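Shown next: upload-v5.pdb, containing PDB, C-alpha atoms (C1' of nucleotides) and all ligand atoms.
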MODEL        1
ATOM      1  CA  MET R   1      24.087   3.989  30.699
ATOM      2  CA  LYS R   2      26.050   1.541  28.576
ATOM      3  CA  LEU R   3      26.442   4.357  26.024
ATOM      4  CA  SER R   4      29.022   6.522  27.811
ATOM      5  CA  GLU R   5      30.880   3.272  28.325
ATOM      6  CA  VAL R   6      31.256   1.960  24.803
ATOM      7  CA  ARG R   7      31.607   5.422  23.246
ATOM      8  CA  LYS R   8      34.944   6.253  24.865
ATOM      9  CA  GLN R   9      36.005   2.704  23.995
ATOM     10  CA  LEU R  10      35.705   3.605  20.321
ATOM     11  CA  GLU R  11      37.951   6.628  20.236
ATOM     12  CA  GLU R  12      39.907   4.289  22.496
ATOM     13  CA  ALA R  13      39.585   2.017  19.470
ATOM     14  CA  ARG R  14      42.073   4.425  17.950
ATOM     15  CA  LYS R  15      45.102   2.185  18.466
ATOM     16  CA  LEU R  16      44.276   1.062  14.989
ATOM     17  CA  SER R  17      40.966   2.773  14.445
ATOM     18  CA  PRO R  18      39.335   2.424  11.075
ATOM     19  CA  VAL R  19      41.101  -0.926  10.968
ATOM     20  CA  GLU R  20      40.080  -1.977  14.478
ATOM     21  CA  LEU R  21      36.660  -0.489  13.870
ATOM     22  CA  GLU R  22      36.374  -2.986  11.033
ATOM     23  CA  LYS R  23      38.003  -5.807  12.997
ATOM     24  CA  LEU R  24      35.700  -5.111  15.954
ATOM     25  CA  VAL R  25      32.593  -4.781  13.803
ATOM     26  CA  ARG R  26      33.254  -7.998  11.920
ATOM     27  CA  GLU R  27      33.520  -9.593  15.341
ATOM     28  CA  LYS R  28      30.292  -8.176  16.737
ATOM     29  CA  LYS R  29      28.734  -9.201  13.424
ATOM     30  CA  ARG R  30      29.653 -12.863  13.872
ATOM     31  CA  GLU R  31      28.458 -12.802  17.470
ATOM     32  CA  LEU R  32      25.185 -11.502  16.089
ATOM     33  CA  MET R  33      24.831 -14.354  13.597
ATOM     34  CA  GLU R  34      25.969 -16.909  16.154
ATOM     35  CA  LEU R  35      23.245 -15.353  18.248
ATOM     36  CA  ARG R  36      20.284 -15.432  15.858
ATOM     37  CA  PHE R  37      21.475 -18.822  14.703
ATOM     38  CA  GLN R  38      20.924 -20.010  18.257
ATOM     39  CA  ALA R  39      17.847 -17.850  18.639
ATOM     40  CA  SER R  40      16.168 -19.725  15.803
ATOM     41  CA  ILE R  41      16.772 -23.124  17.385
ATOM     42  CA  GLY R  42      14.949 -21.716  20.425
ATOM     43  CA  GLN R  43      16.794 -23.468  23.258
ATOM     44  CA  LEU R  44      19.703 -21.006  23.142
ATOM     45  CA  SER R  45      18.169 -17.534  23.199
ATOM     46  CA  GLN R  46      16.897 -15.031  25.744
ATOM     47  CA  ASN R  47      16.114 -11.796  23.957
ATOM     48  CA  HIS R  48      17.413  -8.317  24.641
ATOM     49  CA  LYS R  49      20.812  -9.688  23.637
ATOM     50  CA  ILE R  50      19.951  -9.106  19.972
ATOM     51  CA  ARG R  51      18.719  -5.518  19.950
ATOM     52  CA  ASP R  52      21.499  -4.532  22.346
ATOM     53  CA  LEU R  53      24.036  -6.134  20.051
ATOM     54  CA  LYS R  54      22.339  -4.680  16.979
ATOM     55  CA  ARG R  55      22.542  -1.097  18.188
ATOM     56  CA  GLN R  56      25.935  -1.933  19.657
ATOM     57  CA  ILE R  57      27.097  -2.493  16.085
ATOM     58  CA  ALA R  58      25.535   0.755  14.923
ATOM     59  CA  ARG R  59      27.550   3.097  17.123
ATOM     60  CA  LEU R  60      30.718   1.155  16.357
ATOM     61  CA  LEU R  61      29.853   1.668  12.713
ATOM     62  CA  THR R  62      29.831   5.375  13.487
TER      63      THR R  62
ATOM     64  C1'   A X   1     -94.303 -30.822  14.391
ATOM     65  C1'   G X   2     -91.859 -25.597  15.913
ATOM     66  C1'   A X   3     -88.550 -22.779  18.156
ATOM     67  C1'   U X   4     -83.224 -20.817  19.068
ATOM     68  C1'   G X   5     -78.614 -22.244  21.437
ATOM     69  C1'   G X   6     -72.829 -24.873  21.566
ATOM     70  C1'   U X   7     -68.087 -26.121  17.985
ATOM     71  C1'   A X   8     -62.933 -22.676  15.260
ATOM     72  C1'   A X   9     -59.565 -26.131  10.643
ATOM     73  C1'   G X  10     -58.498 -21.417  10.457
ATOM     74  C1'   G X  11     -59.341 -16.060  10.119
ATOM     75  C1'   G X  12     -60.312 -10.842  12.200
ATOM     76  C1'   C X  13     -59.908  -6.508  16.056
ATOM     77  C1'   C X  14     -57.998  -5.133  20.789
ATOM     78  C1'   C X  15     -54.410  -5.987  25.153
ATOM     79  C1'   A X  16     -49.717  -7.933  27.079
ATOM     80  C1'   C X  17     -44.933  -9.826  26.258
ATOM     81  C1'   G X  18     -40.891 -10.924  22.856
ATOM     82  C1'   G X  19     -38.023 -11.362  18.290
ATOM     83  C1'   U X  20     -36.257  -8.700  14.018
ATOM     84  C1'   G X  21     -34.822  -3.849  12.496
ATOM     85  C1'   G X  22     -31.788   0.392  13.642
ATOM     86  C1'   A X  23     -35.061   5.564  13.212
ATOM     87  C1'   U X  24     -34.951   9.485  17.446
ATOM     88  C1'   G X  25     -32.176  11.865  21.430
ATOM     89  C1'   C X  26     -27.540  12.670  23.568
ATOM     90  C1'   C X  27     -22.495  12.306  22.332
ATOM     91  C1'   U X  28     -17.451  13.395  18.791
ATOM     92  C1'   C X  29     -10.651  11.546  17.426
ATOM     93  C1'   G X  30     -13.888  14.038  11.894
ATOM     94  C1'   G X  31     -15.724  17.663   8.329
ATOM     95  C1'   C X  32     -17.009  22.979   6.668
ATOM     96  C1'   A X  33     -16.264  28.426   6.405
ATOM     97  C1'   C X  34     -13.873  32.590   7.336
ATOM     98  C1'   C X  35      -9.654  35.225   9.330
ATOM     99  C1'   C X  36      -4.373  35.446  10.634
ATOM    100  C1'   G X  37       0.024  33.251   9.795
ATOM    101  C1'   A X  38       3.362  30.733   6.638
ATOM    102  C1'   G X  39       4.718  29.562   1.503
ATOM    103  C1'   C X  40       8.610  26.243  -2.556
ATOM    104  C1'   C X  41      11.069  20.922  -2.857
ATOM    105  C1'   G X  42      14.652  18.469  -6.435
ATOM    106  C1'   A X  43      21.353  15.616  -9.700
ATOM    107  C1'   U X  44      24.286  16.806  -2.213
ATOM    108  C1'   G X  45      18.871  12.353  -6.304
ATOM    109  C1'   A X  46      12.481  15.562  -5.081
ATOM    110  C1'   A X  47       7.239  14.426  -5.201
ATOM    111  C1'   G X  48       5.754   9.599  -4.903
ATOM    112  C1'   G X  49       6.590   4.234  -4.520
ATOM    113  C1'   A X  50       8.550  -1.285  -4.389
ATOM    114  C1'   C X  51      11.084  -4.476  -1.157
ATOM    115  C1'   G X  52      12.845  -4.958   3.533
ATOM    116  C1'   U X  53      13.225  -4.005   8.917
ATOM    117  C1'   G X  54      10.793  -6.362  15.612
ATOM    118  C1'   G X  55      13.040 -12.460  19.741
ATOM    119  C1'   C X  56       7.449 -14.445  18.617
ATOM    120  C1'   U X  57       4.667  -9.408  13.931
ATOM    121  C1'   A X  58      -0.977 -10.118   9.695
ATOM    122  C1'   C X  59      -1.867  -4.879   9.160
ATOM    123  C1'   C X  60      -1.051   0.322  10.449
ATOM    124  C1'   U X  61       2.813   3.513  12.106
ATOM    125  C1'   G X  62       8.277   4.498  12.218
ATOM    126  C1'   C X  63      12.851   3.302   9.925
ATOM    127  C1'   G X  64      16.525   1.737   5.946
ATOM    128  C1'   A X  65      20.892  -3.991   5.447
ATOM    129  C1'   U X  66      23.605   0.800  11.451
ATOM    130  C1'   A X  67      16.422  -0.579   9.292
ATOM    131  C1'   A X  68      10.144   0.858  15.672
ATOM    132  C1'   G X  69      16.741   2.705  15.020
ATOM    133  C1'   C X  70      22.934   5.715  15.289
ATOM    134  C1'   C X  71      25.806  10.348  17.067
ATOM    135  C1'   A X  72      25.989  15.347  19.234
ATOM    136  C1'   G X  73      23.490  20.250  21.192
ATOM    137  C1'   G X  74      19.067  22.039  23.633
ATOM    138  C1'   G X  75      14.276  20.884  26.460
ATOM    139  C1'   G X  76      12.358  17.952  30.326
ATOM    140  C1'   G X  77      12.448  15.266  35.506
ATOM    141  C1'   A X  78      10.092   9.673  36.377
ATOM    142  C1'   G X  79       9.096   6.679  33.861
ATOM    143  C1'   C X  80      10.184   3.625  29.269
ATOM    144  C1'   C X  81      10.984  -0.859  25.534
ATOM    145  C1'   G X  82       4.942   2.700  18.927
ATOM    146  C1'   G X  83      -0.875   1.278  17.898
TER     147        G X  83
HETATM  148 MG    MG R 101      38.442   2.267   5.657
HETATM  149 MG    MG R 102      15.567  -4.794  17.522
HETATM  150 MG    MG R 103      33.845   5.370  11.831
HETATM  151 MG    MG R 104     -84.979 -26.164  13.143
HETATM  152 MG    MG R 105     -61.256 -18.739  17.319
HETATM  153 MG    MG R 106     -55.236 -24.409  16.326
HETATM  154 MG    MG R 107     -28.643  -5.011  16.961
HETATM  155 MG    MG R 108      19.889  21.820  -6.807
HETATM  156 MG    MG R 109      26.540  13.688  -9.210
HETATM  157 MG    MG R 110      10.350   9.643  -0.099
HETATM  158 MG    MG R 111      10.715  -9.387   9.330
HETATM  159 MG    MG R 112      12.862  -5.000  19.204
HETATM  160 MG    MG R 113      13.718 -11.395  13.498
HETATM  161 MG    MG R 114      10.172 -12.531  11.649
HETATM  162 MG    MG R 115       6.202  -1.381   7.397
HETATM  163 MG    MG R 116      21.077  -4.548  10.998
HETATM  164 MG    MG R 117      11.810   4.494  15.939
HETATM  165 MG    MG R 118      10.503  -0.956  20.249
HETATM  166 MG    MG R 119       9.575  -6.123  23.766
HETATM  167 MG    MG R 120       4.004  -0.967  26.543
ENDMDL
END

Starting from the coordinates I provided, produce the structure as structure tokens.
Amino acid sequence: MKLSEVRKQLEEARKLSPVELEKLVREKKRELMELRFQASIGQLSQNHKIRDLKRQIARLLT
RNA sequence: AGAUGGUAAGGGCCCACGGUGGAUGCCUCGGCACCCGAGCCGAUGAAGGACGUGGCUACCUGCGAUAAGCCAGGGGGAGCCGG
């Protein structure tokens, strides 16, 4: 259901849009690295966080 | 003084049981033929690949650094996160 949620947020991301798109993506990107960085060490990772964040990025990218 | 009976190191034939081997029968996601349909794709980068892509992934499948996926329109009505 998280889809309907984030979607509206993105045309909502039309304060600055292409610019905030980029700002927001870059952010989600870091969170992703921070994530897999901790995922590699083992004792700081669950799971579904990644794929959810991965696809999260995708629709932002759209 | 004479006679003709036992032994099986092993071998043979037959019976029983077993090993090995994978024929025969049954089966079938595959193949074959015909008939009907349908019949082009590419510089808006094809056909076909290489590399990559999953939290743990060797291969196959799918996909392309948005990477077993992204958006929207239909379908569908309880399961789903390929093998
Ligand atoms: Mg721009
Ligand atoms: Mg994933
Ligand atoms: Mg955009
Ligand atoms: Mg004698
Ligand atoms: Mg004997
Ligand atoms: Mg003997
Ligand atoms: Mg056998
Ligand atoms: Mg042309
Ligand atoms: Mg050109
Ligand atoms: Mg191709
Ligand atoms: Mg990999
Ligand atoms: Mg996954
Ligand atoms: Mg990984
Ligand atoms: Mg890996
Ligand atoms: Mg592959
Ligand atoms: Mg990615
Ligand atoms: Mg897929
Ligand atoms: Mg999956
Ligand atoms: Mg899983
Ligand atoms: Mg399953």

Check which residues fall inside 9 Å of ligand MG 115 (chain R) when counting only C-alpha atoms (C1' of nucleotides) and all ligand atoms, and print them as an MDAnalysis selection string.
chainID X and resid 52:53 59:63

Selected by the PyMOL selection byres ((chain X) within 12 of (chain R and not hetatm)) in the shown coordinates: which residues, as a ChimeraX atom specification?
/X:54-56,65-71,81

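One finds atom MG of ligand MG 104 (chain R) at 7.4 Å from atom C1' of residue 2 of chain X.
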
In Å to one decimal, how far is atom CA of residue 10 of chain R from atom CA of residue 27 of chain R?
14.3 Å

Grab me every residue within 12 Å of ligand MG 120 (chain R), counting only C-alpha atoms (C1' of nucleotides) and all ligand atoms, and send it over as a ChimeraX atom specification.
/X:79-83

Residues as selected, C-alpha atoms (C1' of nucleotides), written as a PDB file, in the frame of the given file, can you do that?
ATOM      1  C1'   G X  79       9.096   6.679  33.861  1.00  0.00           C
ATOM      2  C1'   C X  80      10.184   3.625  29.269  1.00  0.00           C
ATOM      3  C1'   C X  81      10.984  -0.859  25.534  1.00  0.00           C
ATOM      4  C1'   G X  82       4.942   2.700  18.927  1.00  0.00           C
ATOM      5  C1'   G X  83      -0.875   1.278  17.898  1.00  0.00           C
TER       6        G X  83
END

Could you list the protein, DNA and RNA residues that have any atom within 9 Å of ligand MG 105 (chain R), counting all atoms listed in the file, and write them as a list in words?
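Checked against 9 Å with all atoms listed in the file; the hits are residues 8, 10 and 11 of chain X.
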
Would you mind reading off the distance between atom CA of residue 41 of chain R and atom MG of ligand MG 113 (chain R), one decimal, in Å?
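Between atom CA of residue 41 of chain R and atom MG of ligand MG 113 (chain R) the gap is 12.7 Å.
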
Between R:13, R:24, R:34, R:52, which has the minimum distance to ligand MG 118 (chain R) (counting only C-alpha atoms and all ligand atoms)?
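So, comparing all the options, the nearest one is R:52.
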
Please write out, as lines of an AutoDock Vina configuration file, where the centre of an axis-aligned box around all listed atoms of segment 28-39 of chain X lies and how long its edges are, in Å to one decimal, after adding 8 Å on each side.
center_x = -6.4
center_y = 23.5
center_z = 10.1
size_x = 38.2
size_y = 39.9
size_z = 33.3

Could you tell me, counting all atoms listed in the file, which protein and nucleic acid residues lie no more than 12 Å from ligand MG 104 (chain R), written as a list in words?
residues 1, 2, 3, 4 and 5 of chain X

Would you mind exporting the chosen residues as a PDB file, in the frame of the given file, restricted to C-alpha atoms (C1' of nucleotides)?
ATOM      1  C1'   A X   1     -94.303 -30.822  14.391  1.00  0.00           C
ATOM      2  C1'   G X   2     -91.859 -25.597  15.913  1.00  0.00           C
ATOM      3  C1'   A X   3     -88.550 -22.779  18.156  1.00  0.00           C
ATOM      4  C1'   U X   4     -83.224 -20.817  19.068  1.00  0.00           C
ATOM      5  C1'   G X   5     -78.614 -22.244  21.437  1.00  0.00           C
TER       6        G X   5
END

Nearest to ligand MG 117 (chain R), chosen from X:51, X:19, X:64, X:73, with only C-alpha atoms (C1' of nucleotides) and all ligand atoms counted in the distances
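Ranking X:51, X:19, X:64, X:73 by distance to ligand MG 117 (chain R), first place goes to X:64.
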
At a cut-off of 12 Å around ligand MG 110 (chain R), and using only C-alpha atoms (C1' of nucleotides) and all ligand atoms, what residues come up? Please write them as a VMD selection string.
chain X and resid 41 to 42 45 to 50 64

The PyMOL selection byres (((not hetatm)) within 12 of (chain R and resi 101)) applied to the shown file, residues as a list in words
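Applied to this file, the PyMOL selection byres (((not hetatm)) within 12 of (chain R and resi 101)) selects residues 16, 17, 18, 19, 20, 21, 22, 23 and 61 of chain R.
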
Pick from X:9, X:72, X:57, X:37: nearest to ligand MG 106 (chain R), with only C-alpha atoms (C1' of nucleotides) and all ligand atoms counted?
X:9

With only C-alpha atoms (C1' of nucleotides) as the counted atoms, please give the residues lying no more than 10 Å from residue 31 of chain R, apart from itself and same-chain residues fewer than 6 positions off, as a VMD selection string.
chain R and resid 25 37 50 53

Just write the chosen residues, C-alpha atoms, as a compact mmCIF listing (two decimals), in the coordinates of the input.
# COMPACT_ATOMS: atom_id res chain seq x y z
CA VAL R 25 32.59 -4.78 13.80
CA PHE R 37 21.48 -18.82 14.70
CA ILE R 50 19.95 -9.11 19.97
CA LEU R 53 24.04 -6.13 20.05
